[PDB]
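Pasting protein-v9.pdb here (PDB, C-alpha atoms and all ligand atoms):
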```
ATOM      1  CA  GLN X   1     -55.240  24.010  -6.324
ATOM      2  CA  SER X   2     -51.888  24.458  -4.567
ATOM      3  CA  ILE X   3     -49.185  22.047  -5.716
ATOM      4  CA  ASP X   4     -47.316  22.722  -2.466
ATOM      5  CA  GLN X   5     -50.284  21.616  -0.353
ATOM      6  CA  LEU X   6     -50.754  18.507  -2.489
ATOM      7  CA  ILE X   7     -47.109  17.440  -2.438
ATOM      8  CA  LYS X   8     -47.070  17.932   1.343
ATOM      9  CA  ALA X   9     -50.092  15.634   1.579
ATOM     10  CA  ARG X  10     -48.065  12.972  -0.258
ATOM     11  CA  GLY X  11     -45.315  13.201   2.383
ATOM     12  CA  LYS X  12     -42.892  15.690   0.824
ATOM     13  CA  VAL X  13     -41.704  18.961   2.348
ATOM     14  CA  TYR X  14     -42.366  21.646  -0.267
ATOM     15  CA  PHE X  15     -42.962  22.813  -3.787
ATOM     16  CA  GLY X  16     -40.801  25.910  -4.140
ATOM     17  CA  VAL X  17     -39.948  28.730  -6.514
ATOM     18  CA  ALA X  18     -37.120  31.187  -7.155
ATOM     19  CA  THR X  19     -37.994  34.875  -6.885
ATOM     20  CA  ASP X  20     -36.722  38.236  -5.608
ATOM     21  CA  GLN X  21     -37.892  41.741  -4.725
ATOM     22  CA  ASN X  22     -38.275  42.637  -8.407
ATOM     23  CA  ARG X  23     -40.848  39.881  -8.973
ATOM     24  CA  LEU X  24     -42.594  40.170  -5.601
ATOM     25  CA  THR X  25     -43.432  43.844  -6.233
ATOM     26  CA  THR X  26     -44.845  43.413  -9.763
ATOM     27  CA  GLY X  27     -47.645  41.548 -11.498
ATOM     28  CA  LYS X  28     -49.394  38.630  -9.821
ATOM     29  CA  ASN X  29     -46.195  36.923  -8.632
ATOM     30  CA  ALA X  30     -46.781  37.492  -4.911
ATOM     31  CA  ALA X  31     -50.373  36.241  -5.083
ATOM     32  CA  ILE X  32     -49.368  33.058  -6.923
ATOM     33  CA  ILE X  33     -46.451  32.366  -4.587
ATOM     34  CA  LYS X  34     -48.633  32.900  -1.507
ATOM     35  CA  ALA X  35     -51.250  30.495  -2.843
ATOM     36  CA  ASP X  36     -49.336  27.727  -4.616
ATOM     37  CA  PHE X  37     -45.766  27.495  -3.258
ATOM     38  CA  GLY X  38     -44.391  26.699   0.183
ATOM     39  CA  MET X  39     -40.738  27.700  -0.137
ATOM     40  CA  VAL X  40     -38.869  30.562  -1.792
ATOM     41  CA  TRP X  41     -35.296  31.016  -3.056
ATOM     42  CA  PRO X  42     -33.673  34.374  -3.903
ATOM     43  CA  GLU X  43     -32.681  34.165  -7.554
ATOM     44  CA  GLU X  44     -29.845  36.708  -7.301
ATOM     45  CA  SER X  45     -29.970  38.751  -4.078
ATOM     46  CA  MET X  46     -27.858  36.226  -2.109
ATOM     47  CA  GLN X  47     -25.165  35.655  -4.755
ATOM     48  CA  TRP X  48     -21.618  36.837  -4.092
ATOM     49  CA  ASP X  49     -21.638  39.910  -6.332
ATOM     50  CA  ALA X  50     -24.910  41.099  -4.769
ATOM     51  CA  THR X  51     -23.945  40.522  -1.127
ATOM     52  CA  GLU X  52     -20.197  41.346  -1.027
ATOM     53  CA  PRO X  53     -19.500  43.620  -4.019
ATOM     54  CA  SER X  54     -16.361  44.828  -2.227
ATOM     55  CA  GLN X  55     -14.411  42.749   0.267
ATOM     56  CA  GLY X  56     -15.899  43.103   3.734
ATOM     57  CA  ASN X  57     -18.535  45.605   2.518
ATOM     58  CA  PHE X  58     -21.774  43.628   2.581
ATOM     59  CA  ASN X  59     -25.133  44.492   1.002
ATOM     60  CA  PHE X  60     -28.173  42.658   2.383
ATOM     61  CA  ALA X  61     -31.047  44.901   1.274
ATOM     62  CA  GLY X  62     -32.495  42.555  -1.335
ATOM     63  CA  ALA X  63     -31.867  39.416   0.708
ATOM     64  CA  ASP X  64     -33.440  40.986   3.812
ATOM     65  CA  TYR X  65     -36.543  41.807   1.767
ATOM     66  CA  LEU X  66     -36.948  38.224   0.562
ATOM     67  CA  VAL X  67     -36.381  36.748   4.037
ATOM     68  CA  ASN X  68     -38.855  39.115   5.714
ATOM     69  CA  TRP X  69     -41.475  38.511   3.010
ATOM     70  CA  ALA X  70     -41.085  34.743   3.408
ATOM     71  CA  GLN X  71     -41.424  34.862   7.201
ATOM     72  CA  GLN X  72     -44.459  37.153   6.993
ATOM     73  CA  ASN X  73     -46.184  34.721   4.607
ATOM     74  CA  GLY X  74     -45.203  31.477   6.348
ATOM     75  CA  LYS X  75     -42.843  30.194   3.656
ATOM     76  CA  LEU X  76     -39.692  28.150   4.036
ATOM     77  CA  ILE X  77     -36.519  29.773   2.692
ATOM     78  CA  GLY X  78     -33.654  28.332   0.710
ATOM     79  CA  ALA X  79     -30.611  30.396  -0.220
ATOM     80  CA  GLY X  80     -27.391  30.317  -2.189
ATOM     81  CA  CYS X  81     -25.009  30.017  -3.728
ATOM     82  CA  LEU X  82     -22.138  30.622  -1.328
ATOM     83  CA  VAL X  83     -19.241  29.262  -3.418
ATOM     84  CA  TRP X  84     -19.305  28.955  -7.202
ATOM     85  CA  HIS X  85     -17.868  30.589 -10.307
ATOM     86  CA  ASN X  86     -21.036  32.490 -11.292
ATOM     87  CA  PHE X  87     -21.873  35.927  -9.880
ATOM     88  CA  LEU X  88     -18.298  36.211  -8.613
ATOM     89  CA  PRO X  89     -16.742  39.699  -8.300
ATOM     90  CA  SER X  90     -13.388  40.231  -9.978
ATOM     91  CA  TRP X  91     -11.768  41.046  -6.626
ATOM     92  CA  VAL X  92     -12.269  37.407  -5.589
ATOM     93  CA  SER X  93     -11.104  35.682  -8.783
ATOM     94  CA  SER X  94      -7.958  37.867  -8.834
ATOM     95  CA  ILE X  95      -6.704  36.569  -5.459
ATOM     96  CA  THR X  96      -3.666  34.310  -5.883
ATOM     97  CA  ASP X  97      -2.695  33.554  -2.264
ATOM     98  CA  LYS X  98      -4.113  30.383  -0.701
ATOM     99  CA  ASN X  99      -4.390  31.660   2.876
ATOM    100  CA  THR X 100      -5.971  34.917   1.703
ATOM    101  CA  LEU X 101      -8.607  33.139  -0.380
ATOM    102  CA  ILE X 102      -9.432  30.594   2.336
ATOM    103  CA  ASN X 103     -10.095  33.390   4.829
ATOM    104  CA  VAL X 104     -12.104  35.352   2.240
ATOM    105  CA  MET X 105     -14.276  32.336   1.428
ATOM    106  CA  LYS X 106     -14.790  31.482   5.105
ATOM    107  CA  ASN X 107     -15.727  35.076   5.950
ATOM    108  CA  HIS X 108     -18.226  35.225   3.079
ATOM    109  CA  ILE X 109     -19.865  31.964   4.188
ATOM    110  CA  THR X 110     -19.923  32.823   7.882
ATOM    111  CA  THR X 111     -21.221  36.377   7.449
ATOM    112  CA  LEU X 112     -24.167  35.426   5.224
ATOM    113  CA  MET X 113     -25.170  32.393   7.279
ATOM    114  CA  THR X 114     -24.810  34.116  10.667
ATOM    115  CA  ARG X 115     -27.050  36.987   9.552
ATOM    116  CA  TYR X 116     -29.926  34.578   8.830
ATOM    117  CA  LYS X 117     -29.047  31.936  11.435
ATOM    118  CA  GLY X 118     -31.981  29.649  12.184
ATOM    119  CA  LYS X 119     -34.183  31.170   9.455
ATOM    120  CA  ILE X 120     -32.927  29.281   6.370
ATOM    121  CA  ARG X 121     -33.916  25.670   5.772
ATOM    122  CA  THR X 122     -31.460  24.950   2.955
ATOM    123  CA  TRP X 123     -28.152  26.527   1.940
ATOM    124  CA  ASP X 124     -26.617  25.718  -1.430
ATOM    125  CA  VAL X 125     -23.002  25.935  -0.278
ATOM    126  CA  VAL X 126     -21.058  24.752  -3.345
ATOM    127  CA  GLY X 127     -22.340  24.919  -6.904
ATOM    128  CA  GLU X 128     -21.247  23.776 -10.350
ATOM    129  CA  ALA X 129     -18.005  22.230  -9.104
ATOM    130  CA  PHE X 130     -17.768  19.540 -11.821
ATOM    131  CA  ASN X 131     -16.793  19.420 -15.473
ATOM    132  CA  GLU X 132     -18.877  17.345 -17.860
ATOM    133  CA  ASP X 133     -16.323  14.503 -17.753
ATOM    134  CA  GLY X 134     -16.522  14.277 -13.953
ATOM    135  CA  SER X 135     -13.292  16.097 -13.133
ATOM    136  CA  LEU X 136     -13.436  19.170 -10.904
ATOM    137  CA  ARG X 137     -14.107  22.509 -12.584
ATOM    138  CA  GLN X 138     -11.099  24.851 -12.616
ATOM    139  CA  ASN X 139     -12.472  27.903 -10.843
ATOM    140  CA  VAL X 140     -10.415  30.247  -8.669
ATOM    141  CA  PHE X 141     -11.045  28.110  -5.588
ATOM    142  CA  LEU X 142      -9.688  24.957  -7.211
ATOM    143  CA  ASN X 143      -6.812  26.848  -8.856
ATOM    144  CA  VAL X 144      -5.634  28.522  -5.659
ATOM    145  CA  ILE X 145      -6.814  26.367  -2.736
ATOM    146  CA  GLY X 146      -7.135  22.973  -4.414
ATOM    147  CA  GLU X 147      -9.732  20.283  -3.947
ATOM    148  CA  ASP X 148      -9.823  20.979  -0.191
ATOM    149  CA  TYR X 149     -11.961  24.069  -0.822
ATOM    150  CA  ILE X 150     -15.116  21.934  -0.912
ATOM    151  CA  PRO X 151     -14.567  20.253   2.494
ATOM    152  CA  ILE X 152     -13.539  23.623   3.955
ATOM    153  CA  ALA X 153     -16.660  25.342   2.610
ATOM    154  CA  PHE X 154     -19.027  22.774   4.123
ATOM    155  CA  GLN X 155     -17.208  22.570   7.463
ATOM    156  CA  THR X 156     -17.329  26.366   7.712
ATOM    157  CA  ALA X 157     -21.041  26.458   6.836
ATOM    158  CA  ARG X 158     -21.903  23.741   9.365
ATOM    159  CA  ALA X 159     -20.185  25.729  12.126
ATOM    160  CA  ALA X 160     -22.056  28.930  11.201
ATOM    161  CA  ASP X 161     -25.587  27.463  11.381
ATOM    162  CA  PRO X 162     -26.059  23.843  12.496
ATOM    163  CA  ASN X 163     -29.821  24.047  11.815
ATOM    164  CA  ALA X 164     -29.457  24.493   8.047
ATOM    165  CA  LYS X 165     -29.265  21.684   5.510
ATOM    166  CA  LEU X 166     -26.096  22.065   3.429
ATOM    167  CA  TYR X 167     -26.188  21.164  -0.268
ATOM    168  CA  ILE X 168     -23.841  20.718  -3.177
ATOM    169  CA  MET X 169     -25.558  21.316  -6.507
ATOM    170  CA  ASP X 170     -24.821  20.900 -10.194
ATOM    171  CA  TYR X 171     -26.493  20.697 -13.597
ATOM    172  CA  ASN X 172     -26.502  17.953 -16.241
ATOM    173  CA  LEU X 173     -27.122  15.285 -13.598
ATOM    174  CA  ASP X 174     -30.198  14.172 -15.552
ATOM    175  CA  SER X 175     -28.950  10.923 -17.134
ATOM    176  CA  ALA X 176     -27.834   7.918 -15.095
ATOM    177  CA  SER X 177     -25.200   6.976 -17.713
ATOM    178  CA  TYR X 178     -23.623  10.442 -18.007
ATOM    179  CA  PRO X 179     -20.113  10.710 -16.483
ATOM    180  CA  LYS X 180     -20.892  13.843 -14.464
ATOM    181  CA  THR X 181     -23.778  12.125 -12.671
ATOM    182  CA  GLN X 182     -21.649   9.158 -11.616
ATOM    183  CA  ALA X 183     -18.737  11.412 -10.652
ATOM    184  CA  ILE X 184     -20.668  13.573  -8.181
ATOM    185  CA  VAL X 185     -22.111  10.460  -6.509
ATOM    186  CA  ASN X 186     -18.674   8.878  -6.035
ATOM    187  CA  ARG X 187     -17.145  12.108  -4.711
ATOM    188  CA  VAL X 188     -19.998  12.878  -2.312
ATOM    189  CA  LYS X 189     -19.744   9.311  -0.987
ATOM    190  CA  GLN X 190     -16.050   9.831  -0.219
ATOM    191  CA  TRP X 191     -16.605  13.259   1.338
ATOM    192  CA  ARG X 192     -19.333  11.960   3.662
ATOM    193  CA  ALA X 193     -17.153   8.983   4.628
ATOM    194  CA  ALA X 194     -14.507  11.513   5.721
ATOM    195  CA  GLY X 195     -17.100  13.366   7.811
ATOM    196  CA  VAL X 196     -17.706  16.349   5.526
ATOM    197  CA  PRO X 197     -21.208  17.708   6.345
ATOM    198  CA  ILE X 198     -22.867  17.437   2.931
ATOM    199  CA  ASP X 199     -26.557  17.073   3.782
ATOM    200  CA  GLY X 200     -27.876  17.099   0.222
ATOM    201  CA  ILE X 201     -27.341  16.992  -3.511
ATOM    202  CA  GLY X 202     -29.368  19.485  -5.533
ATOM    203  CA  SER X 203     -29.968  18.753  -9.205
ATOM    204  CA  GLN X 204     -30.232  21.922 -11.313
ATOM    205  CA  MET X 205     -32.846  20.731 -13.794
ATOM    206  CA  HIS X 206     -32.743  23.178 -16.678
ATOM    207  CA  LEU X 207     -34.173  20.542 -18.981
ATOM    208  CA  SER X 208     -34.492  20.135 -22.711
ATOM    209  CA  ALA X 209     -37.748  18.662 -23.966
ATOM    210  CA  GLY X 210     -38.046  14.932 -23.324
ATOM    211  CA  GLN X 211     -35.416  14.798 -20.569
ATOM    212  CA  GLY X 212     -38.007  14.140 -17.857
ATOM    213  CA  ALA X 213     -38.056  10.420 -18.650
ATOM    214  CA  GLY X 214     -34.350  10.072 -17.876
ATOM    215  CA  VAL X 215     -34.787  11.754 -14.492
ATOM    216  CA  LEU X 216     -36.720   8.659 -13.371
ATOM    217  CA  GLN X 217     -33.388   6.783 -13.380
ATOM    218  CA  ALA X 218     -30.929   9.599 -12.615
ATOM    219  CA  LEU X 219     -32.596  10.778  -9.414
ATOM    220  CA  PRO X 220     -32.358   7.369  -7.684
ATOM    221  CA  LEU X 221     -28.699   7.225  -8.720
ATOM    222  CA  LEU X 222     -28.118  10.596  -7.052
ATOM    223  CA  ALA X 223     -29.856   9.307  -3.916
ATOM    224  CA  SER X 224     -27.413   6.386  -3.701
ATOM    225  CA  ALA X 225     -24.639   8.770  -2.619
ATOM    226  CA  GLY X 226     -26.243   8.486   0.810
ATOM    227  CA  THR X 227     -26.867  12.147   1.559
ATOM    228  CA  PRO X 228     -29.756  12.784   3.979
ATOM    229  CA  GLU X 229     -31.611  14.676   1.254
ATOM    230  CA  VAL X 230     -31.756  15.306  -2.451
ATOM    231  CA  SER X 231     -33.597  18.164  -4.104
ATOM    232  CA  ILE X 232     -34.704  19.345  -7.523
ATOM    233  CA  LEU X 233     -33.584  22.921  -8.218
ATOM    234  CA  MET X 234     -33.974  25.534 -10.948
ATOM    235  CA  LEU X 235     -36.579  23.403 -12.688
ATOM    236  CA  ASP X 236     -37.826  24.471 -16.083
ATOM    237  CA  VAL X 237     -38.551  22.484 -19.243
ATOM    238  CA  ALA X 238     -38.370  23.752 -22.817
ATOM    239  CA  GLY X 239     -41.910  23.631 -24.175
ATOM    240  CA  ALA X 240     -43.368  22.863 -20.725
ATOM    241  CA  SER X 241     -44.823  19.544 -21.850
ATOM    242  CA  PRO X 242     -46.993  17.939 -19.140
ATOM    243  CA  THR X 243     -45.177  14.688 -19.941
ATOM    244  CA  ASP X 244     -41.833  16.101 -18.794
ATOM    245  CA  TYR X 245     -43.202  17.842 -15.707
ATOM    246  CA  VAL X 246     -45.175  14.807 -14.523
ATOM    247  CA  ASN X 247     -42.107  12.583 -14.969
ATOM    248  CA  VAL X 248     -40.055  14.950 -12.796
ATOM    249  CA  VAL X 249     -42.720  14.908 -10.085
ATOM    250  CA  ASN X 250     -42.968  11.113 -10.213
ATOM    251  CA  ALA X 251     -39.182  10.828  -9.847
ATOM    252  CA  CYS X 252     -39.453  13.006  -6.737
ATOM    253  CA  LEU X 253     -42.244  10.829  -5.331
ATOM    254  CA  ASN X 254     -40.271   7.634  -6.055
ATOM    255  CA  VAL X 255     -37.112   8.739  -4.181
ATOM    256  CA  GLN X 256     -37.682   8.782  -0.435
ATOM    257  CA  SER X 257     -34.833  11.214   0.284
ATOM    258  CA  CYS X 258     -36.060  13.777  -2.276
ATOM    259  CA  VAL X 259     -37.626  16.476  -0.109
ATOM    260  CA  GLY X 260     -39.083  18.751  -2.781
ATOM    261  CA  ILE X 261     -38.922  20.648  -6.045
ATOM    262  CA  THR X 262     -38.039  24.269  -6.852
ATOM    263  CA  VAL X 263     -39.110  25.811 -10.173
ATOM    264  CA  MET X 264     -36.965  28.527 -11.732
ATOM    265  CA  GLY X 265     -39.728  31.146 -11.930
ATOM    266  CA  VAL X 266     -43.451  31.778 -12.055
ATOM    267  CA  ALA X 267     -44.445  33.143 -15.472
ATOM    268  CA  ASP X 268     -42.881  32.455 -18.876
ATOM    269  CA  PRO X 269     -42.015  36.053 -19.918
ATOM    270  CA  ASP X 270     -39.890  36.443 -16.759
ATOM    271  CA  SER X 271     -37.760  33.392 -17.603
ATOM    272  CA  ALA X 272     -34.248  33.840 -18.944
ATOM    273  CA  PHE X 273     -35.466  31.282 -21.518
ATOM    274  CA  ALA X 274     -38.801  32.993 -22.149
ATOM    275  CA  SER X 275     -38.915  32.136 -25.859
ATOM    276  CA  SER X 276     -39.020  28.423 -24.963
ATOM    277  CA  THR X 277     -42.044  29.028 -22.661
ATOM    278  CA  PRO X 278     -40.604  26.634 -20.044
ATOM    279  CA  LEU X 279     -42.505  27.495 -16.823
ATOM    280  CA  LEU X 280     -45.868  26.546 -15.300
ATOM    281  CA  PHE X 281     -47.698  29.874 -15.771
ATOM    282  CA  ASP X 282     -48.117  31.748 -19.041
ATOM    283  CA  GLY X 283     -47.656  35.449 -19.789
ATOM    284  CA  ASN X 284     -51.145  36.211 -18.457
ATOM    285  CA  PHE X 285     -50.236  34.492 -15.149
ATOM    286  CA  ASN X 286     -52.673  31.681 -15.911
ATOM    287  CA  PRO X 287     -51.718  28.091 -15.020
ATOM    288  CA  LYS X 288     -50.686  26.078 -18.059
ATOM    289  CA  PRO X 289     -51.611  22.463 -18.858
ATOM    290  CA  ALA X 290     -48.431  21.245 -17.138
ATOM    291  CA  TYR X 291     -49.526  22.865 -13.866
ATOM    292  CA  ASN X 292     -52.926  21.166 -14.058
ATOM    293  CA  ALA X 293     -51.257  17.844 -14.871
ATOM    294  CA  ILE X 294     -49.115  18.065 -11.726
ATOM    295  CA  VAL X 295     -52.195  18.858  -9.635
ATOM    296  CA  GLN X 296     -54.068  15.891 -11.098
ATOM    297  CA  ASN X 297     -51.120  13.521 -10.645
ATOM    298  CA  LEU X 298     -50.712  14.490  -6.982
ATOM    299  CA  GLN X 299     -54.418  14.124  -6.168
ATOM    300  CA  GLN X 300     -54.406  10.618  -7.678
TER     301      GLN X 300
HETATM  302  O1  LIG Q   1     -33.649  26.454  -7.010
HETATM  303  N1  LIG Q   1     -33.382  27.509  -7.455
HETATM  304  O2  LIG Q   1     -34.228  28.127  -8.363
HETATM  305  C1  LIG Q   1     -32.167  28.196  -7.083
HETATM  306  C2  LIG Q   1     -31.890  29.429  -7.659
HETATM  307  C3  LIG Q   1     -30.729  30.102  -7.322
HETATM  308  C4  LIG Q   1     -29.837  29.530  -6.406
HETATM  309  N2  LIG Q   1     -28.668  29.961  -5.912
HETATM  310  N3  LIG Q   1     -28.209  29.018  -5.042
HETATM  311  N4  LIG Q   1     -29.113  27.997  -5.002
HETATM  312  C5  LIG Q   1     -30.116  28.307  -5.835
HETATM  313  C6  LIG Q   1     -31.291  27.626  -6.172
END
```
Re-express the file's structure as structure tokens.
Ligand SMILES: O=[N+]([O-])c1ccc2nn[nH]c2c1
Amino acid sequence: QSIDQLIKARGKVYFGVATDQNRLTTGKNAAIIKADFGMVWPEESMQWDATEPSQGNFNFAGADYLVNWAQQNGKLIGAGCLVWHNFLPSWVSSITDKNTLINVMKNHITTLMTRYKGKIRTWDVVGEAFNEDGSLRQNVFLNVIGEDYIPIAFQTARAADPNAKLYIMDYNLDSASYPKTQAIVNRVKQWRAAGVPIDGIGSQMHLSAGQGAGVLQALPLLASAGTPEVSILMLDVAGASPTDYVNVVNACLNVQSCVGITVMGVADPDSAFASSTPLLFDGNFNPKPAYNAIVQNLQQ
């Protein structure tokens, strides 16, 4: 049974997965993605160091492959991340001049989004912008541009492709009482009030065991920021307990603005956290109990 088909039947948009050319050309990954998932994300081929390893010298080979494969197989596409501190070449983080860095960031955003204009449902524009206490993370963009880099990034992205949904995303938004969760809600509220085009908040749910229960309260709190959409991203769960996975799916179903869920990978041995067996398929590419529990929850 396809969890994407079943979640669509319940009124959601997709059940998605992160992948790339390396996975799609090996094992049973392509067959499972074709059958069970409705949306794909490039894990690395759209990050800054992959796409602009030197300033103004772009590399789209891996991203083109993923986009073409998705279109050929009738899948939605999400992509990212345009602006964050991971996957960032040294030539960017060494820039000290505000005007220079603004133009560099705008060019990076505009070039990627223009190339795939109209083909991408969701762009993760800004990622991991917050510290755990709710203050803004001191990356090169904050250091050099200041807090205006977030409004600028979204305004630039909206101008490049008005069809795409623009997201801010972060991790450790899984508890309603945690300062980071409350901080991103308050800030996104202010940004939207000022007209910044933030269409969604994406929650990067790299979860410890037992954290699914808290998502039932955190996800509604994230929805209260008033963005058109919220999404669950990078989902995996240490131990892959059905109890955690079913709680995450129920939180999605309970929040009307939550459009779908994206899991971090297909099969455990391909996870960066493989030893914690945190995905929905095992090393033999067989569905695990958590996968069956999601299917059964969505049928009922
Ligand atoms: O949901 N995702 O698995 C995911 C993976 C990588 C990304 N980069 N930007 N947004 C992303 C989402």
Exercise for the section: Run the PyMOL selection byres (((not hetatm)) within 9 of (chain Q and resi 1)) mentally over the shown coordinates, then write out the matched residues as a ChimeraX atom specification, using the chain letters and numbers from the document. Expected result: /X:16-19,40-44,46-47,78-82,122-127,167,169,202-205,231-235,261-265
Practice task
Determine the nearest neighbour of residue 241 (chain X) from the options X:255, X:198, X:219, X:294, counting all atoms listed in the file.
Solution key: X:294
Exercise for the section: Step by step, work through what the PyMOL selection byres (((chain X and resi 108) around 12) and not hetatm) selects in the shown file, and finish by giving those residues as a ChimeraX atom specification. Expected result: /X:46-59,80-83,88,92,101-107,109-115,125,153,156-157,160
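Around the point (-6.4, 28.0, -7.6), within 12 Å and counting only C-alpha atoms, we find these residues: residues 92, 93, 94, 95, 96, 97, 98, 99, 100, 101, 102, 136, 137, 138, 139, 140, 141, 142, 143, 144, 145, 146, 147, 148 and 149 of chain X.
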Handout entry: Output check: residues returned by the PyMOL selection byres (((chain X and resi 177-179) around 10) and not hetatm), as a ChimeraX atom specification
Key = /X:131-135,172-176,180-184,214,217-218,221
Exercise for the section: Using only C-alpha atoms, determine which residues lie at most 7 Å from residue 283 (chain X), disregarding the query and same-chain residues fewer than 5 positions distant; provide the list as an NGL selection string. Expected result: :X and (267-269)
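The two atoms in question, CA of residue 199 (chain X) and CA of residue 165 (chain X), are spaced 5.6 Å apart.
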Exercise for the section: Skip residue 9 (chain X) itself and residues of its chain fewer than 6 positions away, then list as a ChimeraX atom specification all residues within 10 Å of it, counting all atoms listed in the file. Expected result: /X:3,298-299
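Each of X:73, X:277, X:163, X:224 was compared to residue 258 (chain X) using all atoms listed in the file, and X:224 turns out to be the nearest.
Pairwise distance (CA of residue 170 (chain X), CA of residue 84 (chain X)) equals 10.2 Å.
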Completion exercise
Atom pair CA of residue 171 (chain X) + CA of residue 211 (chain X), distance 12.8 Å
